[PDB]
């Protein structure tokens, strides 16, 4: 996969796993706590993370949407100080715990540049939110089509759960991708759930990374 590394010479690391096809800049505005680096992970063509995690003390994981399922694969076995899910579950292609199968299939089979914009509208909910989101650099279409293809295959092949331990999960009240009912159903007995009013993209309600985990 791809990475963007922000080097603050920190002893600790923030690991952020993006949603499918989403711009890394979606979290650009978030302020880091002192003594922390940030590594943005995205473009899940594969599950390979070419980054040395070995020298860091604490690692704070934040994962959005399909990034949750991915993070469970990539960080299985790695000691994390905390792991935070944001609008995503361990079962991302699931009628009851994630995105329903027919929707996952239909999104991929009908993906064009036009329908990509339609999906982003649903990520954002309202027009105002959508128009602000469109100020972010758009990743190339061929890249995100290849990414959804690999994700849909791997998720179908690999239905394991609880590969890492989650400390908390944020659930948006009006999430149209991972519905709140499906999120609550997955996280209820796993971790602490913070309910927030908003949509699938909810990082415009945050100014500081640390507010996501504390």
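Averaging sequence separations of C-alpha pairs under 8 Å and six or more residues apart, then dividing by the length of the chain, give the relative contact order as a whole percent.
Details: 398 pairs, mean separation 52.2, N = 214.
Result for the chain is 24 percent.
Each peptide in 175-183, 93-101, 75-83, 50-58 receives the mean, over its residues, of other Cβ atoms within 10 Å, and ordering these scores from highest gives 175-183, 93-101, 75-83, 50-58.
When 209, 69 are sorted by how many other C-beta atoms sit within 10 angstrom of their C-beta, beginning with the fewest, the order is 209, 69.
What FRET efficiency comes out for the pair residue 174/residue 113, r = Cβ-Cβ distance, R0 = 25 Å, nearest 0.05?
Here the calculated transfer efficiency is 0.45.
Modelled spin labels at residue 128 and residue 6, positioned 7 Å past Cα toward Cβ, are 2.5 nm from each other.
Using just its DSSP H runs of length 4 or more, each adding -39500 (n - 2.57), the chain gives a mean residue ellipticity at 222 nm of -8500 deg cm²/dmol after division by all residues.
Take 1, 66, 154 and order them by how many other Cβ atoms sit within 10 Å, fewest up front.
Values: 1 19, 66 29, 154 16.
Fewest to most other Cβ atoms nearby, the residues stand as 154, 1, 66.
In a fully extended conformation the segment linking residue 197 and residue 158 would gain 10.9 nm over its present Cα-Cα distance, using 0.36 nm per residue.
Modelled label positions at residue 50 and residue 82, each set 7 Å beyond Cα in the direction of Cβ, lie 3.3 nm from each other. The separation of the range 109-139 from the range 13-87, counted between C-alpha centres, amounts to 22 Å.
With Kirkwood's inverse mean 1/r over C-alpha pairs for Rh, give me the Rg to Rh ratio of the chain, two decimals please. Reported Rg/Rh, Kirkwood definition of Rh: 0.93. Counting beta carbons within 10 Å around each of 3, 22 and listing the fewest first gives the order 3, 22.
Could you give the length gained on full extension between residue 28 and residue 211, defined as 0.36 nm per residue of separation minus the Cα-Cα distance, in nm? Provide the component values of the computation, followed by the final result.
Working: separation 183, 0.36 × 183 = 65.88 nm, distance 1.50 nm.
That works out to 64.4 nm of additional length.
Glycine gets a Cβ as well: all are built from the backbone with ideal geometry, and neighbour counts include every protein chain shown. Only the coordinates and a few stated rules stand behind these numbers; no lab work does.
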